[PDB]
>>> print(open('structure.txt').read())   # compact mmCIF, C-alpha atoms (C1' of nucleotides)
# COMPACT_ATOMS: atom_id res chain seq x y z
CA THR Z 1 74.74 -99.85 34.31
CA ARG Z 2 75.82 -102.18 37.10
CA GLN Z 3 79.29 -102.61 35.59
CA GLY Z 4 80.31 -99.03 34.87
CA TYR Z 5 79.68 -95.65 33.30
CA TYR Z 6 79.66 -95.09 29.54
CA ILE Z 7 79.64 -91.75 27.73
CA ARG Z 8 78.21 -90.65 24.38
CA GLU Z 9 77.98 -87.24 22.90
CA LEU Z 10 74.66 -86.01 21.61
CA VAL Z 11 74.21 -83.60 18.72
CA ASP Z 12 70.44 -83.67 17.98
CA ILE Z 13 67.65 -82.89 20.43
CA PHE Z 14 64.03 -82.42 19.42
CA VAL Z 15 61.45 -80.41 21.33
CA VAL Z 16 58.06 -82.08 21.20
CA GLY Z 17 55.06 -79.79 21.14
CA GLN Z 18 51.56 -80.43 22.41
CA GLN Z 19 50.50 -83.97 21.58
CA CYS Z 20 47.47 -84.73 19.42
CA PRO Z 21 46.18 -87.98 20.96
CA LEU Z 22 45.17 -90.82 18.66
CA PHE Z 23 44.35 -93.34 21.41
CA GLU Z 24 41.68 -92.80 24.04
CA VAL Z 25 42.85 -93.22 27.63
CA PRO Z 26 40.11 -95.08 29.54
CA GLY Z 27 38.61 -93.69 32.75
CA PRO Z 28 39.32 -95.28 36.19
CA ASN Z 29 37.20 -98.44 36.79
CA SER Z 30 35.62 -98.13 33.28
CA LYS Z 31 34.58 -101.20 31.22
CA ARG Z 32 37.60 -100.91 28.84
CA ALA Z 33 39.89 -100.11 31.83
CA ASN Z 34 38.97 -103.27 33.83
CA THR Z 35 38.88 -105.33 30.59
CA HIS Z 36 42.57 -104.39 30.00
CA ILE Z 37 43.25 -105.23 33.70
CA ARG Z 38 41.90 -108.83 33.40
CA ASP Z 39 43.50 -109.21 29.91
CA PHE Z 40 46.94 -108.07 31.21
CA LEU Z 41 46.56 -110.66 33.98
CA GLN Z 42 45.51 -113.40 31.54
CA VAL Z 43 48.44 -112.69 29.22
CA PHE Z 44 50.86 -112.80 32.15
CA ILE Z 45 49.37 -116.13 33.27
CA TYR Z 46 49.69 -117.61 29.76
CA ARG Z 47 53.30 -116.47 29.48
CA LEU Z 48 54.08 -118.02 32.87
CA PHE Z 49 52.58 -121.27 31.61
CA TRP Z 50 54.72 -121.08 28.46
CA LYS Z 51 57.86 -120.53 30.56
CA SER Z 52 57.15 -123.62 32.68
CA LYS Z 53 59.51 -126.54 32.10
CA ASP Z 54 57.55 -129.39 33.71
CA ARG Z 55 55.15 -131.44 31.62
CA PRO Z 56 52.24 -130.87 32.21
CA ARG Z 57 52.91 -127.15 32.61
CA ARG Z 58 52.46 -125.87 36.14
CA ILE Z 59 52.79 -122.47 37.81
CA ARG Z 60 52.73 -121.15 41.36
CA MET Z 61 50.16 -118.69 42.69
CA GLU Z 62 52.57 -116.46 44.59
CA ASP Z 63 54.48 -115.68 41.40
CA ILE Z 64 51.27 -114.02 40.21
CA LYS Z 65 50.80 -112.52 43.67
CA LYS Z 66 54.30 -111.04 43.41
CA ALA Z 67 53.52 -109.57 40.00
CA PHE Z 68 50.02 -108.26 40.78
CA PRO Z 69 49.94 -107.61 44.55
CA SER Z 70 47.01 -105.18 44.49
CA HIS Z 71 44.79 -107.86 42.98
CA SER Z 72 42.45 -109.74 45.24
CA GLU Z 73 43.19 -113.44 44.94
CA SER Z 74 39.59 -114.12 43.89
CA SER Z 75 40.30 -112.42 40.56
CA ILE Z 76 43.52 -114.39 40.03
CA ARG Z 77 41.64 -117.60 40.93
CA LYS Z 78 38.98 -116.55 38.41
CA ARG Z 79 41.60 -116.28 35.68
CA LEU Z 80 43.11 -119.64 36.67
CA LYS Z 81 39.73 -121.39 37.02
CA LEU Z 82 39.41 -121.99 33.34
CA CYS Z 83 42.80 -123.23 31.95
CA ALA Z 84 44.24 -124.62 35.22
CA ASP Z 85 43.47 -126.69 38.28
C1' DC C 1 40.79 -125.42 58.95
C1' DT C 2 41.48 -123.57 54.50
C1' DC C 3 40.18 -122.57 49.92
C1' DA C 4 36.98 -121.74 46.35
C1' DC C 5 32.69 -120.33 44.56
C1' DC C 6 28.53 -117.82 44.61
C1' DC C 7 25.67 -114.09 45.90
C1' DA C 8 24.80 -109.52 47.32
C1' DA C 9 25.83 -104.79 47.72
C1' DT C 10 27.95 -100.63 46.36
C1' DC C 11 29.95 -97.58 43.14
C1' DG C 12 30.64 -95.73 38.69
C1' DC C 13 29.34 -94.74 34.11
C1' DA C 14 26.14 -93.90 30.54
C1' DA C 15 21.85 -92.49 28.75
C1' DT C 16 17.69 -89.98 28.80
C1' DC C 17 15.06 -86.48 29.87
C1' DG C 18 13.96 -82.01 31.79
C1' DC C 19 12.77 -77.74 32.40
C1' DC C 20 14.95 -73.40 31.92
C1' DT C 21 17.36 -70.27 28.81
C1' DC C 22 18.66 -68.37 24.57
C1' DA C 23 18.05 -67.31 19.89
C1' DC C 24 15.44 -66.43 15.93
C1' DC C 25 11.47 -65.01 13.55
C1' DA C 26 7.39 -62.49 13.00
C1' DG C 27 4.40 -58.80 13.84
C1' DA C 28 3.27 -54.26 15.15
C1' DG C 29 4.20 -49.54 15.72
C1' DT C 30 6.50 -45.41 14.64
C1' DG C 31 8.19 -41.71 11.32
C1' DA C 32 8.60 -39.71 6.92
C1' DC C 33 7.11 -38.99 2.37
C1' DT C 34 3.92 -38.82 -1.29
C1' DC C 35 -0.55 -38.26 -3.08
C1' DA C 36 -5.10 -36.65 -3.10
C1' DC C 37 -8.65 -33.60 -1.87
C1' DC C 38 -10.51 -29.34 -0.46
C1' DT C 39 -10.49 -24.51 -0.05
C1' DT C 40 -9.26 -20.05 -1.46
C1' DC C 41 -7.87 -16.60 -4.59
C1' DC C 42 -7.52 -14.64 -9.03
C1' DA C 43 -9.02 -13.94 -13.59
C1' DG C 44 -12.20 -13.76 -17.24
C1' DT C 45 -16.70 -13.25 -19.07
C1' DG C 46 -21.22 -11.58 -19.05
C1' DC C 47 -24.67 -8.21 -17.78
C1' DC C 48 -26.02 -2.92 -15.01
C1' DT C 49 -24.89 2.71 -14.79
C1' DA C 50 -23.48 6.67 -17.42
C1' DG C 51 -22.94 9.03 -21.35
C1' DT C 52 -24.69 9.41 -25.26
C1' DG C 53 -26.85 9.51 -31.61
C1' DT C 54 -30.52 9.82 -33.54
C1' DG C 55 -34.75 10.44 -33.66
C1' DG C 56 -40.66 11.04 -32.47
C1' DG C 57 -44.01 14.61 -31.54
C1' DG C 58 -45.36 19.12 -31.17
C1' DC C 59 -45.19 24.23 -32.65
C1' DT C 60 -44.87 28.53 -34.64
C1' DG C 61 -43.13 31.51 -38.53
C1' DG C 62 -43.39 32.33 -43.48
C1' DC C 63 -45.79 32.54 -47.84
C1' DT C 64 -47.72 35.81 -52.44
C1' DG C 65 -52.10 38.35 -53.30
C1' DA C 66 -53.47 44.48 -53.76
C1' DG C 67 -54.93 48.02 -52.27
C1' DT C 68 -53.99 53.13 -48.38
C1' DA C 69 -49.28 55.02 -47.09
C1' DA C 70 -43.80 57.39 -46.01
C1' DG C 71 -38.40 58.18 -46.02
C1' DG C 72 -35.52 54.06 -47.09
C1' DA C 73 -30.59 52.28 -47.80
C1' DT C 74 -28.93 50.51 -51.92
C1' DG C 75 -27.72 50.89 -56.41
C1' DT C 76 -27.97 51.31 -61.47
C1' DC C 77 -26.93 54.57 -64.13
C1' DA C 78 -25.15 59.20 -65.69
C1' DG C 79 -22.07 62.73 -66.28
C1' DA C 80 -17.86 65.52 -65.47
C1' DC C 81 -13.14 65.55 -65.14
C1' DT C 82 -7.97 64.50 -64.69
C1' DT C 83 -4.51 61.22 -66.38
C1' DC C 84 -2.06 58.68 -69.74
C1' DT C 85 -0.77 57.68 -74.33
>>> encode(input="structure.txt", output="structure tokens")
Amino acid sequence: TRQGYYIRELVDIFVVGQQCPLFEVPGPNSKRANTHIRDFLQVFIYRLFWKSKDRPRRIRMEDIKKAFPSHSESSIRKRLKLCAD
DNA sequence: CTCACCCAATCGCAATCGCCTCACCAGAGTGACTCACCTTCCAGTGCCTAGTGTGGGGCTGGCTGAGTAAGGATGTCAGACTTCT
């Protein structure tokens, strides 16, 4: 860590074979894929509103632009259009 | 001037179809076996040649009669004699 080194011994190590997947990975730019994208952004926006101390709760746009910098700001505006002004 | 919203365009994903390929099923042909029919051979039975019994239909000798006749072989006696008792 930042403060120093720490040492443990280990005695047990597992080898994991070939995985049998139980969850389907979406494809690039698929409906489910981009749905998760806008949902991840909406959840982050709600949790930034919960963390806000001023009443009424207010956030800044460039916090979201620091978190999601590949997003066009039209999509972030779209998420903030409902629930904020 | 800057920001936000709306519209348009492009890309990606999903669904449907699309025509070609593969697989399965069915039918036909091929090969062998079995069965049936025909043909041939053999065997048996039923009549033609050969070898024959038994007989028809002729055919010719034999038959007392009494007379004329011979030697005739055959024999029935008849006697004389030699053997046995």
>>> interface_residues(input="structure.txt", of="chain C", to="chain Z", cutoff="12 Å", atoms="all atoms listed in the file", output="compact mmCIF listing (two decimals) with C-alpha atoms (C1' of nucleotides), in the frame of the given file")
# COMPACT_ATOMS: atom_id res chain seq x y z
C1' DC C 3 40.18 -122.57 49.92
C1' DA C 4 36.98 -121.74 46.35
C1' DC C 5 32.69 -120.33 44.56
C1' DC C 6 28.53 -117.82 44.61
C1' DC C 11 29.95 -97.58 43.14
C1' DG C 12 30.64 -95.73 38.69
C1' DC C 13 29.34 -94.74 34.11
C1' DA C 14 26.14 -93.90 30.54
>>> atom_distance(input="structure.txt", atom1="CA of residue 40 (chain Z)", atom2="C1' of residue 10 (chain C)")
25.4 Å
>>> atom_distance(input="structure.txt", atom1="CA of residue 17 (chain Z)", atom2="CA of residue 32 (chain Z)")
28.5 Å
>>> residues_near_point(input="structure.txt", point="(54.3, -117.3, 41.1)", cutoff="12 Å", atoms="all atoms listed in the file", output="PyMOL selection string")
chain Z and resi 44-45+47-49+51-52+58-69+76
